[PDB]
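Enquirer: can't give you the sequence, but here's the structure:
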Ligand SMILES: Nc1nc(NCCc2ccc(O)cc2)nc2nc(-c3ccco3)nn12
């Protein structure tokens, strides 16, 4: 039962995520910093699928060996999880930068810096993974009955997770800080990302609404005064929207508005409306082209952000229950120990996470869809 599902999930991990690594290599279209991060995460998934499943299946029954080796068997999954969480945080930061500040996105994001951050986060993940090895372990604590049952020699120690790895260390430091604080920061980042996109779309629509309504009032107006009032709002909206296509269009538009305002200050309303009709051409052409490009660009950014948010949510909801039951067991010693059959089920769910990643990229991103069908 348990042995069957672990092997079944393991096989889907390699072949499922090797395509994601394969796709980034045989498709120049899908190659950027976000893909570099997600392929680092995919390499972490490859590593967990290849190694942790045999490690879990051999530690589930028992494999007596040196205490350091057994501790490594248990910390390898944790380091491959910390790598994934760091990669997800980097992805979230990349998306926030790209959407909030598109002008400086290319300036502040570079491939060399992305590779450097990937290396830094991987070695940092190794730091947490190897932290229990050095000094913080439970090797010194005797288990007489156990070591007699498995026939443990002096050098070799039996493998039993909860009694070989520091439970208090795990529950206190491993969960709280380096899981949650990344998760809370990531949630705040995603909320900020969506708020920024909504605000930007609202601002563009408001500027278009002003540049249309004021013009309509211009033809539907009279006795100057209102004309000079409306062109002031036109200038304000045009400058705000501007802050070769966009620049030249807005320069021509503000020049025409200045001409109309200068010609209407003298009191010549007929040619004031003539100049408004003159505006009506540049408005249509350049402003409509700019708006149609901007809306599609923002929609694409929002779609990418939603995809990555879904990946994050799946990661969190797959790695949450195990830690929750672990901290429940730690903080209620008087409570009866959690059932073995349920604990194994939760571990299966956690490892399942690696399988889920390629399915999202094969179902939502059309760029990966074509190349997977190619294979
Ligand atoms: N609680 C736990 N158990 C095991 N394996 C030991 C299975 C077991 C659990 C309870 C029992 O009474 C006898 C055996 N691996 C485990 N890995 C983790 C883990 C990975 C990341 C965070 O926690 N927790 N965890």
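Expert: Sure, I can see it. Residues are numbered from 1 along each chain as shown.
Enquirer: contact partners for the residue of the stretch 201-350 of the chain found nearest the ligand?
Expert: Across the stretch 201-350 of the chain, no residue is closer to the ligand than residue 343, which sits at 4.5 Å (CB to the nearest ligand atom). For every residue, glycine as well, the C-beta is placed using N, CA and C. Contacts for residue 343 (CB atoms under 8 Å, 6 or more residues apart in numbering) come out as residue 325.
Enquirer: so which bits of the helix or strand harbouring it are buried?
Expert: Residue 343 is part of helix 340-363, with elements assigned from DSSP states H and E. By 16 or more other CB atoms under 10 Å, the buried positions in helix 340-363 come out as 343, 346-348, 350-351, 353-358, 361-362.
Enquirer: over to stretch 42-55?
Expert: The neighbour-count check on stretch 42-55 (16+ other CB under 10 Å) flags 42, 43, 44, 45, 46, 47, 48, 49, 52, 53, 55 as buried.
Enquirer: over to stretch 113-127?
Expert: So for stretch 113-127, counting by 16+ other CB under 10 Å, buried means 114, 117, 118, 121, 122, 125.
Enquirer: ok, then the element right after the helix holding residue 343?
Expert: helix 366-374.
Enquirer: against which helices or strands is that next one packed?
Expert: Counting contacts by 3 or more CB pairs under 8 Å, 6 or more residues apart in numbering; DSSP states H and E, helix 366-374 packs against helix 2-23, helix 340-363.
Enquirer: tell me how far residue 54 lies from the ligand.
Expert: The spacing between residue 54 and the ligand, counted by CB to the nearest ligand atom, to the nearest Å, is 14 Å.
Enquirer: show me the contacts for the nearest residue to that residue once chain neighbours are set aside.
Expert: Closest residue in space to residue 54, ignoring its immediate chain neighbours: residue 10 at 7.8 Å, by CB to CB, 6 or more residues apart in numbering. Listed by CB under 8 Å, 6+ apart, the contact set of residue 10 reads 49, 50, 53, 54.
Enquirer: same thing but 10 Å
Expert: The contact partners of residue 10, taken as CB atoms under 10 Å, 6 or more residues apart in numbering, are 48, 49, 50, 51, 52, 53, 54, 56, 57, 351, 354, 355.
Enquirer: what about the third one, distance to the ligand?
Expert: Computed with CB to the nearest ligand atom, the distance linking residue 50 and the ligand is 17 Å.
Enquirer: residues contacting that residue?
Expert: 10, 13, 14.
Enquirer: that's all I had, so thanks and see you.
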